[PDB]
Colleague: 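Below are the structure tokens for one structure; questions will follow.
Side-chain atoms are counted along with the backbone in the values below, which use heavy atoms only and exclude waters and symmetry mates. In this chain, numbering begins with 1 at the start of the sequence shown.
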Amino acid sequence: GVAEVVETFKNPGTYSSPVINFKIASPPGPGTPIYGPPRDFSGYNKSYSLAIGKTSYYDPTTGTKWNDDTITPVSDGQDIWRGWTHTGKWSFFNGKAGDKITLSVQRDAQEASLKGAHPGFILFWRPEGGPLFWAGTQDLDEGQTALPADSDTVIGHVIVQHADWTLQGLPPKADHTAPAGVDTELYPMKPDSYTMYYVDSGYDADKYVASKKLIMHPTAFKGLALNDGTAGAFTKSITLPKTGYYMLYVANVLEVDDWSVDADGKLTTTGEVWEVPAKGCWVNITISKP
Ligand SMILES: [Ca+2]
Ligand SMILES: [Cu+2]
């Protein structure tokens with residue numbers, strides 16, 4: 001397509017344009033948060049470690065599915081589980097159109113021998129050119145005049161992995177703008193909407209155990225699978241289509257003997273590959289040039 005998924009703003013709500021944080025590194029679970037340096041990959045040849053939730057990339061626990069209507073046959077694109085926006089981890093970078101870079105994600109050195117990670121990513125372009133403060137959204141509706149440090153808005157709490165992502169019906173904004181280098185006929189700057197433009201996405205499809213399976217759609221994401229023979233890591237060449245500000249989401253795909261979702265939306269599994277101590281696995285994200 002790619003598909004475009006268009007959300008309706010509601011606050012409080014799932015599609016409330018919540019803030020994400022570029023420093024938070026700790027896994028999901030009952031534990032208090034830990035923060036590290038902000039994940040800014042600008043200039044490239046940079047690398048940061050953080051934890052990602054067990055099923056975060058393709059996540060039945062979200063209770064939310066989308067349909068990719070660009071797929072033929074239509075049925076092959078229906079009932080796609082979303083990812084979880086906040087049990088994955090966010091990063092950003094500034095770059096130039098034509099920059100040829102390499103994105104690699106693998107297990108952090110501290111968990112290098114512990115099986116569990118199958119990292120996946122989504123890369124978005126934000127034509128606005130930088131962090132987008134939007135008054136009246138979930139975390140900016142108490143008189144804030146700017147984003148909190150090292151933070152940015154994204155559309156909602158559950159995320160689509162192979163689509164342009166649009167939010168409309170936002171509290172009207174008079175300074176939703178983009179730099180002059182942006183064609184606002186192709187990339188409109190509306191007073192009540194914004195779009196995170198799909199650039200690329202993919203996940204580590206190399207299984208630790210050949211007999212097992214991934215918690216992953218049977219057909220909708222066949223083009224997203226990355227196979228390099230190494231379980232727990234992927235690497236991919238990306239040529240930036242545009243100059244400006246990019247937002248990168250990384251999250252996990254779980255490997256199991258079997259998995260199921262019951263009528264109450266409860267996820268059950270057996271034979272999980274999950275040897276790490278926490279409810280999230282530690283990975284290192286690197287963007288290299290070349
Ligand atoms: Ca791999
Ligand atoms: Cu969330």
Side-chain angles (χ1 to χ4, degrees), residues 2 4-24 35 37-42 48 82-86 88-97 99 121-161 163-201 240-251 285 287:
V2 292
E4 180 174 356
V5 173
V6 182
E7 317 292 4
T8 307
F9 173 76
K10 195 170 176 179
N11 178 40
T14 300
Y15 305 108
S16 57
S17 186
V19 159
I20 48 79
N21 184 285
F22 295 121
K23 290 170 59 66
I24 187 158
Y35 301 86
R39 292 182 289 272
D40 180 359
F41 288 92
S42 301
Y48 299 91
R82 289 199 183 219
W84 214 111
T85 294
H86 288 107
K89 291 291 195 294
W90 291 83
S91 306
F92 71 94
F93 58 90
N94 296 289
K96 298 290 188 167
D99 279 357
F121 81 101
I122 314 161
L123 181 63
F124 296 96
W125 179 54
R126 161 152 284 176
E128 290 82 0
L132 179 54
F133 170 77
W134 205 298
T137 56
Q138 185 188 275
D139 305 305
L140 304 168
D141 60 356
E142 287 175 340
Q144 293 89 345
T145 55
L147 285 157
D150 306 299
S151 304
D152 203 353
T153 48
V154 296
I155 285 167
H157 285 282
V158 296
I159 187 164
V160 294
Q161 315 93 320
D164 289 325
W165 202 18
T166 294
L167 182 55
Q168 61 191 12
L170 281 154
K173 177 174 171 65
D175 59 341
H176 182 207
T177 61
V182 176
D183 180 350
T184 49
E185 213 59 49
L186 287 171
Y187 312 109
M189 295 290 130
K190 298 171 183 176
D192 76 316
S193 305
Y194 71 85
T195 299
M196 299 170 64
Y197 289 87
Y198 176 84
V199 180
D200 201 6
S201 62
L240 301 187
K242 298 287 182 187
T243 294
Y245 180 77
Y246 288 80
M247 303 176 76
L248 172 73
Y249 168 81
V250 168
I285 307 171
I287 298 179

Colleague: What pairs with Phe9 under ring pair (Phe, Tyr, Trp, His ring centres under 6.0 Å), at least two apart in sequence or on another chain?
Modeller: none
Colleague: Considering non-hydrogen atoms only, spot the tightest contact between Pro127 and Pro179 and give its length.
Modeller: O-CD, 3.3 Å
Colleague: Do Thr137 side-chain atoms and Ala135 backbone N/O form a donor-acceptor pair below 3.5 Å?
Modeller: no
Colleague: Over 60° means perpendicular and under 30° means parallel, so tell me whether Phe124 and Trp90 are parallel, tilted or perpendicular.
Modeller: parallel
Colleague: First locate atom CD of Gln138, then atom OG1 of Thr14, and finally report the distance between them rounded to the nearest 0.5 Å.
Modeller: 9.5 Å
Colleague: Going by heavy atoms in the side chains, are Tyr197 and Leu186 under 4.5 Å from each other?
Modeller: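 A side-chain contact under 4.5 Å is absent here.
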Colleague: How many angstroms lie between atom OG1 of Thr195 and atom CG of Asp164, to the nearest 0.5 angstrom?
Modeller: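 It is 7.0 Å, given to the nearest 0.5 Å.
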Colleague: How close do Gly88 and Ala251 get, counting heavy atoms only, and between which atoms?
Modeller: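 Closest pair (atom of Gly88, atom of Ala251, distance): CA-CB, 3.9 Å.
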Colleague: Could I get the full list of ring pair (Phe, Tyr, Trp, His ring centres under 6.0 Å) partners for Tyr198, not counting sequence neighbours?
Modeller: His162
Colleague: Any side-chain heavy atom of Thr243 within less than 4.5 Å of one from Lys96?
Modeller: yes
Colleague: Tell me, with the steps shown, if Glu128 and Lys173 meet salt bridge (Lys or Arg N to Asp or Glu O under 4.0 Å).
Modeller: CA-CA 13 Å; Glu128 290 82 0; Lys173 177 174 171 65; over 6 Å; no
Colleague: Should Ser91 and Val250 count as side-chain neighbours, where that means a heavy-atom distance under 4.5 Å?
Modeller: no
Colleague: So which heavy atom on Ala97 is nearest to which on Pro241, and how close?
Modeller: CB-O, 3.9 Å
Colleague: Do side-chain atoms of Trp134 reach the backbone of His176 as a donor and acceptor pair under 3.5 angstrom?
Modeller: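 No; judged by distance alone, with no hydrogens or angles, the pair does not exist.
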Colleague: Which pairs count as side-chain hydrogen bond (donor to acceptor under 3.5 Å, both in side chains) when at least one residue sits in residues 182-194, sequence neighbours excluded?
Modeller: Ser17-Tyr194
Colleague: Ignoring hydrogens and geometry beyond distance, is a side-chain donor-acceptor pair present between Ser16 and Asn11 at under 3.5 Å?
Modeller: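 There is no such pair (donor and acceptor under 3.5 Å, judged by atom type) between the side chains of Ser16 and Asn11.
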Colleague: Could you walk me through whether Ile285 and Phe41 pass side-chain contact (heavy atoms from CB on, under 4.5 Å), step by step?
Modeller: CA-CA 10 Å; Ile285 307 171; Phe41 288 92; 3.5 Å; yes
Colleague: I need the minimum non-hydrogen distance between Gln144 and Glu142, along with the two atoms involved.
Modeller: OE1-N, 2.8 Å
Colleague: Please report the interatomic distance CG(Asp175) to CE(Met189), rounded to the nearest 0.5 Å.
Modeller: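 Taking CG in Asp175 and CE in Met189, the distance rounds to 12.0 Å.
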Colleague: Do you know which of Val154, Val5, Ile122 makes side chain to side chain contact (heavy atoms under 4.5 Å, CB included) with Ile159?
Modeller: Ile122
Colleague: Write down the atom of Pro148, the atom of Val19, and the distance for their closest heavy-atom approach.
Modeller: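 That would be CG-CG1, 4.4 Å.
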Colleague: Using side-chain heavy atoms (C-beta onward) and a distance below 4.5 Å, is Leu240 in contact with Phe93?
Modeller: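 Yes - at least one pair of side-chain heavy atoms lies under 4.5 Å apart.
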Colleague: Return the minimal non-hydrogen interatomic distance between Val158 and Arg82, and the atom names on each side.
Modeller: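 Taking every non-hydrogen atom into account, O-NH1, 3.0 Å.
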Colleague: Parallel, tilted or perpendicular: which describes the rings of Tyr15 and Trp165, with under 30° parallel and over 60° perpendicular?
Modeller: perpendicular
Colleague: Are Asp152 and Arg126 packed together at the side-chain level, in the sense that at least one heavy-atom pair is separated by less than 4.5 angstrom?
Modeller: yes
Colleague: From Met196 CE over to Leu123 CG, what is the distance, rounded to the nearest 0.5 angstrom?
Modeller: 10.0 Å
Colleague: Test your reading of the model: is there a side-chain donor-acceptor pair from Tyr48 to the backbone of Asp40, 3.5 Å cut-off?
Modeller: yes
Colleague: Keeping the roles fixed (side chain from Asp150, backbone from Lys23), state whether a donor-acceptor pair exists under 3.5 Å.
Modeller: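 Side chain of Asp150 to backbone of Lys23, a donor-acceptor pair under 3.5 Å: no, none is there.
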Colleague: Could you give the distance from OH (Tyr35) to CD1 (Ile24), rounded to the nearest 0.5 Å?
Modeller: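 So the gap between those two atoms works out to 4.5 Å.
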Colleague: About how many Å separate CG of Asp139 and CZ of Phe133, when rounded to the nearest 0.5 Å?
Modeller: 11.0 Å
